[PDB]
Amino acid sequence: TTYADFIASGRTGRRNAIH
Amino acid sequence: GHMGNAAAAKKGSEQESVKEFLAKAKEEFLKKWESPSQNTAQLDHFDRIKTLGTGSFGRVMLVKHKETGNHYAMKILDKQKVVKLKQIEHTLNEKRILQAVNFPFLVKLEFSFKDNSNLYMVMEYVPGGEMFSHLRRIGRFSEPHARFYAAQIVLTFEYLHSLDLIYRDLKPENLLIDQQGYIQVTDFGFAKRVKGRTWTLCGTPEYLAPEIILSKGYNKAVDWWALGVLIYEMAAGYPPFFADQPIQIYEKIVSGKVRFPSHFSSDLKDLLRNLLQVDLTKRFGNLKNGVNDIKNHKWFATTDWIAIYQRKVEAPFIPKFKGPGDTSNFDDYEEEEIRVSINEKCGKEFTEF
Ligand SMILES: N[C@@H]1CCN(Cc2cccc(-c3ccc4c(O)nccc4c3)c2)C1
Ligand SMILES: [Cl-]
């Protein structure tokens, strides 16, 4: 599922800016 | 047409009134932008209680003002670290913006000062924590709940853009929830005065507009793209474009394809296709009708814009709150003592702070 794909991305935590 | 006479007259009048409000707000902003406030308190005026968040330049701490007992959020920036990381202009600009703007959903700077080692921005304490935490905890927000927050961002960007400010870092991590359940936009580190275009690659991967990724000159429309990402993520629980690595996210962003959960309403999908529009000649917020294409969209038909501005709408969610200094909606961080040196470190660079 799309949700499972989100979990699989590893980017479920707080995201930093490019800086 | 879509409106009878009474509704059309009311909408026209409301839109003219916005113009009148924004013209006055720009005059007030420009007075403070030209004459910034400085040096309104000192460190020993506050007791430091707990770290609420950290960054590369420093931390944010809950503090208590000794004389009054009032709590505030104190951002502490190490001057030498700011210089090392090439953030002098951004730090000075953030403070200058914060002291010059005034809007009910923009966090207020209550005091600022500096010492041998650090810069200090003492802001209102926003005790409900980060939208990010609540969103991950609840999973997703229902459409009315997402809409309540989205409306506040629409009004805030309408305000900022009238001042020629582009925000450039919208995401749940930067939106705090106040004791009444309303949003406070924090972190003006990437905001810039831009009446025309600008070129810096900055922002957060999932929220970057295609024109930023593609190294084009860009304008305030990037904020309307980011609003689309935010609405999507609030309503779905995950953003529209994600992948293991940023480069794969960027390929999805620029593709012109976006997929939606089956529970999204048709009105929501229509709004999001018009915000998440790769073609700038077609993106809502960037057309002849400006912000009105967004505010007049069917998905916002139940939104009373003035009532949101006046904070007279009952919020869908009131964070837990035990008292003035409750920090239970923020995470726990390792605490470290603040060392003020006999260095006047980097005095010239931060004269204007
Ligand atoms: N743009 C990045 C996202 C996170 N931010 C640093 C950070 C992380 C976590 C929390 C906070 C924070 C916490 C409380 C605040 C508050 O109460 N008022 C103003 C700003 C605040 C800022 C600040 C910088
Ligand atoms: Cl140009």
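Proteins get letters first, then strands, A, B, ... in listed order; numbering begins at 1 in each. We count ligands from 1, going down the list as the structure has it; atoms in each ligand are counted the same way. Note: hydrogens, waters and symmetry copies are ignored here, and every other heavy atom, side chains too, is used.
- Side-chain polar atoms of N286(B) and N219(B) form a donor-acceptor pair below 3.5 angstrom.
- Screening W225(B), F284(B), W224(B) against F157(B) for a ring-ring contact (aromatic ring centres under 6.0 Å, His included) leaves a single residue, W224(B).
- For the pair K171(B) and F132(B), the cation does not sit on the ring face, since its NZ or CZ is not both under 6.0 Å from the ring centre and inside 45° of the axis.
- A donor-acceptor pair shorter than 3.5 Å cannot be found between the side chains of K192(B) and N93(B).
- Remark: the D279(B) side chain and the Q277(B) side chain contain no N/O donor-acceptor pair separated by less than 3.5 Å.
- Atom OH of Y218(B) and atom CG of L280(B) lie 12.5 Å apart (nearest 0.5 Å).
- Taking a heavy-atom cut-off of under 4.0 Å, ligand 1 is surrounded by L52(B), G53(B), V60(B), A73(B), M123(B), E124(B), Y125(B), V126(B), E130(B), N174(B), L176(B), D187(B), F330(B).
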